[PDB]
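Written out below as structure tokens is the structure these notes cover.
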Amino acid sequence: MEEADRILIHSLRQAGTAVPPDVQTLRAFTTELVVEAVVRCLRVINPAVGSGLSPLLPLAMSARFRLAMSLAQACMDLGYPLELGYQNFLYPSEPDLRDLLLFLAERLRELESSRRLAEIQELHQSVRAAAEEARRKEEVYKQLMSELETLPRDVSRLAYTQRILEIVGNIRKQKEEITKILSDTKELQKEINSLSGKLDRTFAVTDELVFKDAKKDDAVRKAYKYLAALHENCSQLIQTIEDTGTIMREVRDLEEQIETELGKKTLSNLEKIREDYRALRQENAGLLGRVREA
Amino acid sequence: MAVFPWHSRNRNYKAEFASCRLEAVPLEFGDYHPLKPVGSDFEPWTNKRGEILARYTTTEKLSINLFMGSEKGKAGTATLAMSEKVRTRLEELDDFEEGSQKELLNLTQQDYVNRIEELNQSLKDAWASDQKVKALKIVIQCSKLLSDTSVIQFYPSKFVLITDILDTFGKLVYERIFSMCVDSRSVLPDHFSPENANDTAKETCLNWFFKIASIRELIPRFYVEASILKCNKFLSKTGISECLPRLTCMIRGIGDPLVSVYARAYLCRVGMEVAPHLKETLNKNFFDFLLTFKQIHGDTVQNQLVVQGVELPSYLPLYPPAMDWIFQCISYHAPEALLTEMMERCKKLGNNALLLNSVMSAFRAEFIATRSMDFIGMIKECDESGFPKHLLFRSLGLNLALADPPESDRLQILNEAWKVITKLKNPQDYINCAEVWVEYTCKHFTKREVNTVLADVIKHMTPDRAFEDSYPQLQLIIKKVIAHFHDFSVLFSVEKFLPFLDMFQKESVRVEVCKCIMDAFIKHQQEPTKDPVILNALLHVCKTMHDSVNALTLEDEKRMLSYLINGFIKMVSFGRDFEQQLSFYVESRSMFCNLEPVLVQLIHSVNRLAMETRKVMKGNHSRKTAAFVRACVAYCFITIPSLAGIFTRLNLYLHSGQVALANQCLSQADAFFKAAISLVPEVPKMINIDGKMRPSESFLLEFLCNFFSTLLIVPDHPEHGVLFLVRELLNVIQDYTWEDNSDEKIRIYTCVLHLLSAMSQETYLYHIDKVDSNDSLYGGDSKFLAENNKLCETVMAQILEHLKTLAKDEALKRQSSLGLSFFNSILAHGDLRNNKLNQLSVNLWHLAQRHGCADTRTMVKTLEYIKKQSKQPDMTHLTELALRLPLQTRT
Amino acid sequence: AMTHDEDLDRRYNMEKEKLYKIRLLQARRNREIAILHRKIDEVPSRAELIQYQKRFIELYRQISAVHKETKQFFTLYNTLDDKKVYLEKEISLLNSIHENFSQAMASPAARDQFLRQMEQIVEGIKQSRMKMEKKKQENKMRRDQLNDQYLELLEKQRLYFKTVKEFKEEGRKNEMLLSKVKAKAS
Amino acid sequence: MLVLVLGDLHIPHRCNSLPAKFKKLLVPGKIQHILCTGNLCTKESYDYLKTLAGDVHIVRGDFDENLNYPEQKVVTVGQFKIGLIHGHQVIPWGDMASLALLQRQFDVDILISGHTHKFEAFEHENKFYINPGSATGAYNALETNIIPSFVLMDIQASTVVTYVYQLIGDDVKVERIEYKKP
Amino acid sequence: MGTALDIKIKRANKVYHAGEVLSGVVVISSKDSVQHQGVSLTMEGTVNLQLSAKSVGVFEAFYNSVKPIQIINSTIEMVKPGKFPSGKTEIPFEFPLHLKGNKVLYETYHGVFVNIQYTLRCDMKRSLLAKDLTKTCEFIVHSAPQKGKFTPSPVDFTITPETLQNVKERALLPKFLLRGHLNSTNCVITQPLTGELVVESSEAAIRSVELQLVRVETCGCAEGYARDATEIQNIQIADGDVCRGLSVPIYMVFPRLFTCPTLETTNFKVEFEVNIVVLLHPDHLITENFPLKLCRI
């Protein structure tokens with residue numbers, strides 16, 4: 001999500017969270033660092049909510065559970081459409097987290113002499129205004145210089161504007177190609193319609209002719225049998241064509257589904273939760289021993 | 001020669017105002033100002049007939065099996081005499097039945113129609129051939145076709161057609177006898193006395209009438225005699241009346257229920273048409289009809305149904321057409337007391353349910369409505385096999401939609417009908433009757449009653465494909481809702497309509513309803529506002545329609561629908577919810593890509609907002625206002641590339657520019673304009689609108705001077721050529737492959753020179769608060785002023801080249817008009833105390849005149865006016881010029 | 001007055017040009033200020049940048065679909081064209097055959113050769129057709145593999161959600177264990 | 001003779017309502033000619049005008065939709081001429097004499113214009129040119145407040161009586177001029 | 001070329017009454033103008049007594065059969081040798097309804113066994129350009145309004161299978177109850193009958209209920225009178241099974257010339273009757289007759 005990848009940086013800067021330039025995708029992130037920024041920004045938006053928990057990592061897994069559950073509740077304050085909970089907070093698809101994070105980002109002679117008189121009066125008024133403007137310019141300038149001094153060395157409007165320009169060109173290209181394709185579609189339909197008419201006549205003639213001369217000789221009846229077998233071959237193969245094309249469409253659908261689970265990242269996070277569960281059972285066995293011993 | 005050095009005048013715009021201004025009169029309180037202050041309610045047979053002929057097909061394989069005598073007749077040695085010769089006249093009418101037959105089993109509807117029409121032509125010929133005896137033969141054939149009831153469900157249609165044919169026949173008969181009465185001097189009046197029928201016409205009518213009385217079979221004799229009753233006008237006006245109760249008694253002979261009923265229906269049509277008292281005799285016929293119903297329970301129906309095995313539910317549909325015609329005939333202006341007494345007899349009768357149905361159908365709504373409470377009981381008295389009570393419901397729903405008892409009674413009846421109706425499981429029949437009742441339900445009852453109906457119908461839909469078959473009903477239903485329903489929010493209070501929408505599947509149908517919905521909204525809603533929940537639902541539907549749209553739909557329909565959508569969009573009005581409204585825009589855009597005009601008008605909303613926003617802030621501009629501004633800037637910008645229409649997008653560069661002037665955004669200005677110029681190559685030679693081709697050069701040029709109106713106002717930047725780009729712009733223009741006809745290009749060049757005349761001032765003409773004037777920035781002085789002068793002089797050279805080429809072109813009218821217009825441009829400012837420009841002006845004047853094509857007449861008008869202007873000070877060198885000017889002429 | 005008038009215009013002109021010099025100062029400082037404002041504008045507000053990204057996001061969605069459809073209907077057209085090509089060959093062979101049929105009866109040796117040729121033609125056509133049918137079955141198996149893998153991983157996903165529930169039980173268990181620990185021990 | 005004159009009102013996008021008092025002013029039928037310099041952006045409004053009086057003479061503008069609406073038009077009645085433009089169609093806003101040239105282009109005696117946003121009246125010698133700025137006060141930061149303004153006139157031989165409207169709230173102000181065939 | 005001649009009787013019915021004057025026109029009509037040695041015309045009235053051939057015995061029947069007795073014959077000549085325009089010529093004649101004949105001027109009656117006629121016979125002795133023409137007309141005489149004035153004679157009859165007299169089939173006839181009525185068994189020759197007829201029980205449906213007339217005519221011979229009846233009317237008044245307990249009406253506009261007041265004479269008799277025949281759905285058949293005596297006024 002190229003620009004959203006860049007918003008990783010922009011948002012980190014916006015957060016003041018560490019912005020390691022090597023951190024360039026949600027793939028990079030510890031959920032811990034994500035949550036640290038969560039603490040920062042909630043404590044910004046609702047300090048009463050956000051200040052309640054330290055940005056420091058809880059080493060105690062249970063404390064991680066509990067704090068994250070509190071984050072879930074903080075979201076429960078609000079009508080986010082999605083399900084909440086620490087299970088999510090560990091292992092989302094990066095879109096899902098992205099989506100939520102944006103849901104967060106939401107919330108931050110006579111006449112001659114007389115004319116000399118008018119001339120000089122106007123010049124007087126003009127000089128007055130010019131002096132005033134000198135004051136305006138310089139105090140503004142002083143301000144502007146102090147601002148220039150403060151100015152963040154942040155990215156210019158242009159860079160994004162260019163990315164935009166590129167994107168636009170690509171898209172419009174697409175739609176143009178689309179348009180020609182649409183025409184081509186129409187053309188092929190016209191061609192096929194003509195083909196239908198000529199082919200219909202072609203068979204009517206061919207069938208009639210071969211029938212007539214097949215009357216003259218059973219061998220020409222075999223010629224008619226050849227025609228039938230070949231024509232059925234054609235009709236069958238045409239059907240097969242239709243079938244295969246459809247099949248490959250569904251193949252692409254399956255490919256979409258491949259990508260779908262790939263975005264889900266299901267199995268890897270599953271392996272993670274499994275080994276986590278192993279650790280947590282060991283932990284719980286410690287707790288069970290302690291409950292026995294107390 | 002070097003190019004003559006142009007110098008402009010300089011203007012005092014207030015002085016130029018004072019000299020030009022109308023110093024108008026302010027007007028006074030209360031002073032005058034321009035705005036200072038049978039009857040046609042008897043529905044015709046044709047309608048009934050058409051509908052019946054549509055419905056009453058049958059499944060039975062039709063047949064025609066009839067003796068005929070079209071070609072042949074007697075010639076044998078029969079024993080006859082004068083009396084028997086008179087009998088032989090009728091034997092002619094017999095001979096078709098003595099004749100051989102045409103036989104056609106298992107006819108379809110149309111084959112039967114066609115054979116009946118064959119007989120129809122035979123009759124038409126017999127009439128036209130004056131074979132009135134043979135015409136009578138064929139009419140007897142019609143009556144025997146009436147005799148064959150065997151295909152009983154089709155048979156009503158048979159009756160219909162035979163009655164239509166024999167009606168025409170009776171008309172023809174009356175006209176013939178009248179023509180016999182008429183001596184061809186002029187036609188006798190309709191009120192003619194029976195004595196006015198002359199002796200021979202009387203005796204001829206008597207002969208045919210005696211034939212009729214001598215008809216052996218009841219069916220021809222009665223039915224034809226009903227038509228001859230018209231001929232009674234020849235013979236006795238009172239005889240008509242005498243015959244009608246006589247016919248009433250005569251009708252008693254037919255034990256066949258269908259024939260007798262339909263005979264009565266025919267006689268009712270006739271009687272109603274002829275005169276009022278005939279309805280009273282029809283009341284007498286109804287008195288007979290009570291006994292006819294008595295027999296209708298009796299042996300004939302039972303025996304025949306047993307013989308064929310026909311189902312009464314199948315049997316019942318055949319009669320209501322006759323019933324309803326009769327009921328129209330009497331009830332047309334029957335009093336409520338009379339109709340009530342009639343109901344008394346009907347209630348005295350048994351198994352009356354179909355009678356009740358036809359009663360409710362015909363009889364008048366106030367009368368029916370008052371009784372409607374009684375009908376609760378009396379319909380409970382009914383039996384579905386006497387007549388289906390839900391169909392009673394449906395007819396009644398028509399009735400109630402028309403008129404209703406008191407509101408309490410409405411409430412009770414609501415309970416009775418709906419609760420009963422909910423019991424009814426067959427969703428098709430359920431929906432059939434319910435959809436009728438829906439309109440009346442909408443008429444009186446409210447959101448909860450509606451919600452109840454909603455629930456029961458939604459439960460009844462489950463074989464939903466049948467519900468989808470029943471889409472038309474649902475459509476009618478919701479239209480009723482709409483017409484009846486006048487608060488959108490309360491629809492949302494119903495909510496169940498939303499699941500109702502959810503039940504649907506067919507996009508287009510849903511869309512049709514959405515159309516209805518929004519126009520109704522347009523009627524009731526006239527006020528722009530917000531309700532987030534209402535909004536969310538609406539926007540869901542907006543989504544629904546937008547995404548419903550494929551690339552392929554009909555362009556103009558797409559257009560109109562978009563228009564419709566765009567209209568409600570103006571309603572979107574949060575008040576002070578600026579950033580919220582902003583976000584709303586954002587989403588709207590972010591989905592609703594699908595039609596440019598929608599986008600256009602969205603951007604309008606953006607612009608309108610931002611414009612007012614600055615207007616309200618009045619210099620009090622917060623940092624928020626700046627961020628708001630720049631966000632708007634981006635948003636609108638990012639639209640622009642996505643948009644289709646190049647010209648529109650170009651003026652959007654204009655809009656974008658002028659708003660950038662409204663605040664900051666000057667580099668963004670430049671961006672719009674780099675794009676603009678890049679769009680200049682993108683200009684096609686011809687442009688299609690409405691399917692039609694138009695030449696772009698006008699439209700762009702047409703723009704471009706309005707754009708000049710801007711172009712000098714803009715301050716820019718020595719980091720660039722301060723409007724190098726504008727030169728560069730003009731360069732691209734000149735590079736662009738205009739026609740030789742694009743002298744208009746040069747006209748624009750002139751306009752640019754008008755701009756440069758503006759550049760020439762020490763102070764520009766008019767200004768916006770925080771954008772003052774470029775003149776100061778470079779400093780006006782001969783070195784930088786000469787930069788633009790130089791450029792002008794360059795274009796001047798170009799001008800001269802082209803114009804004299806136009807002389808080479810024989811574009812002489814074009815060239816002369818152009819040059820003199822340019823002269824008139826010079827006239828705004830050209831120093832001709834600069835003798836070099838002065839000579840230039842001489843060159844133009846005479847060289848244009850020299851070939852005589854110049855409209856010198858206008859030039860003389862022009863130059864006398866220029867001498868009049870020459871009085872003025874700079875114009876005193878124009879005074880010297882125009883006095884010195886000779887003038888070559890057309891004149 | 002003429003001396004007075006001359007003095008008035010002289011003074012007027014003097015201050016006029018001095019004001020022009022001031023106007024050059026002011027133009028210069030205006031240029032500087034405008035430059036600064038340009039520089040200020042160049043880095044826009046993140047508030048806006050949010051919409052920038054929103055626009056990008058919608059673009060990502062839109063464009064990805066666009067490309068998808070592009071491929072879909074591109075190949076669709078390829079397909080329709082290919083089938084059209086077979087229509088073309090079919091018509092060509094039919095009419096060529098029927099005309100040759102109008103010639104074909106020349107002799108029994110010609111009869112023999114003709115029917116031999118018809119045998120060979122229909123055989124080769126069958127060969128090609130069957131090649132394409134085998135190719136169909138190949139794609140069918142392709143679909144089988146893909147579908148099965150999908151359903152497999154669909155279960156792996158549902159199982160994973162079950163594992164999510166399982167661990168949530170383990171964590172709830174953990175916290176309850178902690179609760180008893182503090183109740184009993186502390 | 002009653003003739004109505006109004007500037008660009010840009011209805012759907014800038015100004016979706018006739019002013020309430022201007023609504024109150026509506027008088028169907030009595031208008032012999034309804035004249036607007038365009039750029040209303042909805043013909044449905046024009047259709048409403050035609051329902052006010054079926055005698056409308058029109059030019060287009062910016063995104064008024066029947067761009068088939070003239071390039072230049074003139075009507076002459078009694079002793080006066082009436083030539084009309086939407087300014088984008090014409091030479092720039094305020095070049096007074098080039099905008100005098102326009103009349104010679106056509107051969108007329110007047111022009112009405114409605115594109116420049118103020119309401120304007122200007123002649124210096126014989127032949128006169130007028131602007132009715134915007135009867136809806138349509139968008140432009142230009143004027144701080146376009147108190148919405150329109151003129152309507154009665155035509156009488158060598159004279160024209162003109163009424164000249166302004167809107168401030170329940171304050172509507174009016175001017176009147178006569179043109180003398182001077 | 002030939003010629004046509006025609007006889008017009010003024011009263012379009014050719015009907016004349018006792019004591020009237022008789023009036024007629026003779027028409028000559030031709031493609032070519034007409035000349036004749038004369039035109040000659042007879043008027044006649046007759047009763048024709050056809051003793052029924054088998055009833056008397058065929059030879060004796062015809063021997064005795066009093067073949068048209070000239071009621072009246074007066075004879076006149078209308079045009080002497082004369083020459084006339086082609087398309088029309090018309091000359092008038094009258095004859096006296098006075099006993100230049102055998103019997104006192106009966107009404108023309110086209111019966112069967114008794115027939116009564118009034119007739120004319122014409123000859124034009126055409127110029128021998130063409131043959132003499134002979135032509136005949138027949139015309140009706142009506143009786144004068146009778147000395148004995150009319151009064152109506154209502155009669156009723158009731159029918160069930162048991163009511164029936166000498167019916168072979170009484171056991172065959174199914175259950176029913178009926179009552180029949182004639183509003184006046186006194187009726188005028190040219191004028192209408194009214195009657196009521198109830199069905200008020202039936203075990204059986206019906207396909208035909210017939211309502212029928214018989215004319216009965218008798219001729220005399222020196223040894224015997226022979227009496228013979230013919231039937232000519234039907235209205236069949238059943239379609240569908242007749243409702244029990246209802247009355248149905250009887251209608252007749254008495255048959256134009258085949259019927260007369262009931263006649264009884266020394267030489268001949270003519271009596272009239274009404275007949276009933278019912279064809280049930282099981283078609284057990286029942287029949288009743290009543291005889292009629294008829295009047296003219």
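Going by the structure tokens order, chains are called A, B, ..., each with residues numbered from 1, while ligands are numbered from 1 in the order shown.
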
- prompt: Which residues come within 10 Å of residue 47 in chain D, counting only C-alpha atoms, excluding same-chain residues fewer than 6 positions away, as a count of residues only?
  reply: 3

field: Shell of 12 Å around range 59-71 of chain D, only C-alpha atoms, local chain residues under 4 positions omitted, as a PyMOL selection string
entry: (chain B and resi 597+600-601+604+647-648+650-652+654-655+689-690+692+694+698-700+702-703+706) or (chain D and resi 6-13+34-46+83-90+106+112-115)

- request: Enumerate, as a PyMOL selection string, the complete set of residues in range 47-270 of chain B that a backbone-based DSSP assignment places in strand (DSSP E).
  value: chain B and resi 62-67+101-107

What does the file look like for those residues with N, CA and C atoms, as an mmCIF file, in the first residue's frame?
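Generated output (selection_38.cif):
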```cif
data_model
loop_
_atom_site.group_PDB
_atom_site.id
_atom_site.type_symbol
_atom_site.label_atom_id
_atom_site.label_comp_id
_atom_site.auth_asym_id
_atom_site.auth_seq_id
_atom_site.Cartn_x
_atom_site.Cartn_y
_atom_site.Cartn_z
ATOM 1 N N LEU B 62 -62.694 -27.566 -29.023
ATOM 2 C CA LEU B 62 -63.928 -27.031 -29.565
ATOM 3 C C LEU B 62 -64.366 -27.835 -30.780
ATOM 4 N N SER B 63 -65.655 -27.787 -31.084
ATOM 5 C CA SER B 63 -66.054 -28.369 -32.350
ATOM 6 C C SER B 63 -67.209 -27.605 -32.970
ATOM 7 N N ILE B 64 -67.267 -27.658 -34.295
ATOM 8 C CA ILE B 64 -68.413 -27.195 -35.063
ATOM 9 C C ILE B 64 -68.905 -28.355 -35.907
ATOM 10 N N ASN B 65 -70.196 -28.649 -35.797
ATOM 11 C CA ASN B 65 -70.792 -29.805 -36.462
ATOM 12 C C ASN B 65 -72.227 -29.399 -36.797
ATOM 13 N N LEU B 66 -72.416 -28.830 -37.986
ATOM 14 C CA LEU B 66 -73.666 -28.141 -38.275
ATOM 15 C C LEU B 66 -74.112 -28.393 -39.704
ATOM 16 N N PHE B 67 -75.376 -28.779 -39.858
ATOM 17 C CA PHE B 67 -76.046 -28.726 -41.150
ATOM 18 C C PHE B 67 -76.048 -27.316 -41.730
ATOM 19 N N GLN B 101 -73.688 -31.098 -43.634
ATOM 20 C CA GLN B 101 -73.021 -30.456 -42.512
ATOM 21 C C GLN B 101 -71.562 -30.135 -42.813
ATOM 22 N N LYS B 102 -71.052 -29.140 -42.087
ATOM 23 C CA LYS B 102 -69.622 -28.920 -41.908
ATOM 24 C C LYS B 102 -69.208 -29.408 -40.525
ATOM 25 N N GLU B 103 -68.111 -30.161 -40.463
ATOM 26 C CA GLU B 103 -67.729 -30.881 -39.254
ATOM 27 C C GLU B 103 -66.277 -30.561 -38.927
ATOM 28 N N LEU B 104 -66.036 -30.055 -37.714
ATOM 29 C CA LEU B 104 -64.701 -29.615 -37.293
ATOM 30 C C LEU B 104 -64.607 -29.857 -35.785
ATOM 31 N N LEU B 105 -64.057 -31.005 -35.406
ATOM 32 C CA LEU B 105 -63.845 -31.307 -33.999
ATOM 33 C C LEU B 105 -62.555 -30.680 -33.480
ATOM 34 N N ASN B 106 -62.493 -30.536 -32.156
ATOM 35 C CA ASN B 106 -61.272 -30.151 -31.446
ATOM 36 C C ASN B 106 -60.682 -28.861 -32.002
ATOM 37 N N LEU B 107 -61.568 -27.956 -32.406
ATOM 38 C CA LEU B 107 -61.159 -26.620 -32.808
ATOM 39 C C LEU B 107 -60.421 -25.914 -31.679
#
```

message: Please list as a ChimeraX atom specification every residue within 6 Å of residue 68 in chain E, counting only C-alpha atoms and excluding residues in the same chain fewer than 5 positions away.
response: /E:46-48

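Distances to chain B were evaluated for D:174, D:153, D:110, D:31 using only C-alpha atoms, and the minimum falls at D:174.
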
Nearest to chain C by atom-to-atom distance, counting only C-alpha atoms, from B:666, B:679, B:729, B:251: B:666

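The shortest atom-to-atom distance to residue 236 in chain A, with only C-alpha atoms taken into account, belongs to C:130 out of C:130, C:22, C:106, C:1.
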
query: Residues of chain B within 10 Å of chain A, using only C-alpha atoms, as JSON, numbers by chain?
result: {"B": [551, 552, 634, 637, 638, 641, 642, 643, 644, 667, 668, 671]}

Atoms to include: C-alpha atoms. Write the selected residues as a PDB file, in the first residue's frame.
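Writing done, so here's result-v4.pdb:
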```
ATOM      1  CA  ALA B 551     -20.574   0.004 -17.712  1.00  0.00           C
ATOM      2  CA  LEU B 552     -23.167  -1.067 -20.255  1.00  0.00           C
ATOM      3  CA  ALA B 634      -6.434  18.989  -2.833  1.00  0.00           C
ATOM      4  CA  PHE B 637      -7.744  18.956  -7.559  1.00  0.00           C
ATOM      5  CA  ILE B 638      -7.640  15.220  -7.275  1.00  0.00           C
ATOM      6  CA  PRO B 641      -7.606  14.376 -13.404  1.00  0.00           C
ATOM      7  CA  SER B 642     -10.192  11.704 -12.916  1.00  0.00           C
ATOM      8  CA  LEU B 643     -12.820  13.677 -14.739  1.00  0.00           C
ATOM      9  CA  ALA B 644     -13.624  12.939 -18.355  1.00  0.00           C
ATOM     10  CA  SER B 667       1.861  26.732  -7.165  1.00  0.00           C
ATOM     11  CA  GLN B 668      -1.310  24.739  -7.333  1.00  0.00           C
ATOM     12  CA  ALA B 671      -0.166  22.955 -11.613  1.00  0.00           C
TER      13      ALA B 671
END
```

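The coordinates place CA of residue 145 in chain A at 10.4 Å from CA of residue 37 in chain C.
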
- prompt: Between E:112, E:199, E:187, E:141, which has the minimum distance to residue 80 in chain B (counting only C-alpha atoms)?
  reply: E:112

statement: residue 214 in chain A proximity check over C:80, C:43, C:104, C:8, using only C-alpha atoms: winner is C:104

query: What's the 9 Å shell around residue 38 in chain C, counting only C-alpha atoms, without same-chain residues fewer than 2 positions away, as a list in words?
result: residues 664, 665, 666 and 667 of chain B; 33, 34, 35, 36, 40, 41 and 42 of chain C

Residues within 7 Å of residue 30 in chain E, please, as a PDB file with C-alpha atoms, in the first residue's frame. Count only C-alpha atoms; anything in the same chain fewer than 3 positions from it doesn't count.
```
ATOM      1  CA  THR E   3     -96.117  -7.644 -73.524  1.00  0.00           C
ATOM      2  CA  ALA E   4     -96.838  -7.911 -69.815  1.00  0.00           C
ATOM      3  CA  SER E  33     -95.991   0.276 -76.636  1.00  0.00           C
ATOM      4  CA  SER E  86     -95.257   0.935 -73.159  1.00  0.00           C
ATOM      5  CA  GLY E  87     -94.064   1.215 -69.592  1.00  0.00           C
TER       6      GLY E  87
END
```
